[PDB]
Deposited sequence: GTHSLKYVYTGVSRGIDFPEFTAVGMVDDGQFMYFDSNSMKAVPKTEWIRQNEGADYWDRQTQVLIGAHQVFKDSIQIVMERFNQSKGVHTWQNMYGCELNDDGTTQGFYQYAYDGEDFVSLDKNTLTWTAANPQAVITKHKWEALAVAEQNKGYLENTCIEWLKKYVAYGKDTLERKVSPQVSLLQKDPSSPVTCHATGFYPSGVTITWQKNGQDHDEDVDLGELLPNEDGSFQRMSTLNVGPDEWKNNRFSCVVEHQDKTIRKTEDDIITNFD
């Protein structure tokens, strides 16, 4: 399947809740690395990175990010001045990463933002930087003269992918796991709406549908948002609000990884009945 490696850096001016610089590394959107300017140490966040990399790897990662912290410190001071906002609490963000497809083909991105809005973005096809506003144009010219786009593209297409392949091997079992949803039909009151709740599944893609008697039914259906669990799994629910349900046989069908689970009215649970 497709896999990705992504880094997200957060720079902050003025405390206290968070340090000046925070970095998080993720494979398939799951954190495997952490760093901040309080501890000045890069640390592992998953078993698979722990068991496959050690002191040398982390010393180097720490060293790179200490530099990142220093650069972010200087960068945010500059952009704040350009917005004449140097007094208040502000933010400087960087996200970049690569994707490796079954294909063998790859994708990559490199972006920066100030106060949560686009500043400069990499176009690795034209090897230029897209400036979102006048404040970013000076940076665009500077970076294009320093060949930053060429270096970034080089990293995204080579270094990033080479390490992603390593990481995928390290955590193959976890990253390629397929966990079916646990499904329940919830109802507060015999007269209340009924919720089809699916949880503990991975990957996050899931489809919840209602049927009446039935071939499927999508009137009076409220599909909720995909939500993250605390353990890296996901959950999602859908609510049915229909008229007195009594004379018609409703059911919930949850599909995940080409497999379906059905729950009927006989399955409905509640507090305290």
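Residues 245-246 of the deposited sequence are the only ones with no C-alpha coordinates in the structure.
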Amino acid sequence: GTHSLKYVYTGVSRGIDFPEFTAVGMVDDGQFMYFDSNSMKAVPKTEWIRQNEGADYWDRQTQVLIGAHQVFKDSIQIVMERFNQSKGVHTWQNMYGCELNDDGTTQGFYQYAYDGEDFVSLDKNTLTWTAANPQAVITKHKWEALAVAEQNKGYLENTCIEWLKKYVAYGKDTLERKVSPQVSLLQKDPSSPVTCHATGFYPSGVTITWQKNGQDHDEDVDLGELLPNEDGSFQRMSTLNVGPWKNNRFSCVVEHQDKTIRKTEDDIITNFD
From here on, numbers count along this sequence of modelled residues.
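Per-stretch averaging of Cα B factors for 249-257 and 17-25 places 249-257 on top. The deposited model assigns a higher average Cα B-factor to 70-78 than to the other stretch when 70-78 and 91-99 are compared. Within the group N213, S204, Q61, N229, the record's highest C-alpha temperature factor is found at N213. The residue among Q151, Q182, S192, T106 whose C-alpha carries the highest B-factor in the deposited model is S192.
In the PDB entry, a CA B factor belonging to the lowest third of its chain's modelled residues is recorded for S233. For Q187, the recorded CA B-factor ranks within the middle third of the chain. Only modelled residues enter the ranking. Sort the modelled residues of the chain by CA B factor and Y170 lands in the middle third. Compared with the other modelled residues of the chain, the Cα B-factor recorded for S86 ranks in the highest third.
Ranked against the other modelled residues of its chain, the C-alpha B-factor of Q31 as given in the entry falls in the lowest third.
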